[PDB]
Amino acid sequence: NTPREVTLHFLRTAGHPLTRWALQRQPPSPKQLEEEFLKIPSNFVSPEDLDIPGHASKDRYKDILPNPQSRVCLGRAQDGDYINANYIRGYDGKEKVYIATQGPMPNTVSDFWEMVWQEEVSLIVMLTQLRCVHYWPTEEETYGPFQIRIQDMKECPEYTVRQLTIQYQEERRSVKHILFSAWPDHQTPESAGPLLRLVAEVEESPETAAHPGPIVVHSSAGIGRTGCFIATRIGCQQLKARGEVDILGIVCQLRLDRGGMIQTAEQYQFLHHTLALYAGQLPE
């Protein structure tokens, strides 16, 4: 086995399923969770692995690149097809449930809205520390061929919801945007309550597109906080549907889709806590 085959084999076969009782009442130790996390290969793509002339100008970080097999390719309207974003599988490996991407840069804002248009995205989840360019308007802006207007904006302690319309030619679409702050990169939130409220907000969001599309989830680099959010959502789904969760397997599936998803042992430990809270909050 080549290093890469070893990596892919691990990511396809690792697992640590836990009954919800084990998760809530007898979880693995912090040391056990750290050792388990550190075993998971990054599956990072090297700049050499990527043969897309001109891509570097559209990456926030030279070391964080989209895996080619799952990268989102931009169509021709809006010369290249590149955006630093990957399709991410959801519950039970369901295809294209999410797109994980970096926060747009001024020169990739039109690319970002083209992705939203092309993929029929109706929901954007943005993870940040309010302490990256605003790619949405205060009232109305034009970005390439797209006009974006704010229809509604509501504030709660946990997040801000903006209701946006995107217009391309005579066609207008709705996009819900949720901005969740107080999550510093390479770290976790101080408590898990707000995060679960965010998951509920996402779960409660109606479909508004002509065909179901991916939920776009982003943060500065689009791997750490982005990976934690998606893993939390899939974990909640497992707990609700099956009364068990395989958090190791979730992280491994995420890393097959985009390298480096969930950055730190502390974030992996926080995922366990958040899912134990979700389990405790389940009806009945």
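Each residue number is its position in the shown sequence, starting from 1.
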What lies unmodelled of the deposited sequence between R131 and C132 amounts to 4 to 9
Going by the record, give me the number of deposited-sequence residues missing between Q78 and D79 as none, 1 to 3, 4 to 9, or 10 or more. 1 to 3
With B-factors read from the PDB entry, the higher C-alpha mean of 212-220 and 243-251 is in 212-220
Per the entry, higher mean C-alpha B factor between 62-70 and 47-55: 47-55
Of the choices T165, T108, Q187, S191, which one's C-alpha carries the largest B-factor in the record? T165
Going by the CA temperature factor in the entry, name the top one among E95, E201, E119, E139. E139
With respect to C-alpha B-factor, does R149 fall in the lowest, middle or highest third of the chain as deposited? highest
Considering every modelled residue of the chain and its Cα B-factor in the PDB entry, is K176 in the lowest, middle or highest third? middle
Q169's Cα B-factor: lowest, middle or highest third of the chain? highest
Is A85 in the lowest, middle or highest third of its chain when residues are ranked by C-alpha B-factor? lowest
Relative to the other modelled residues of the same chain, rank the CA B-factor of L196 and answer lowest, middle or highest third. lowest
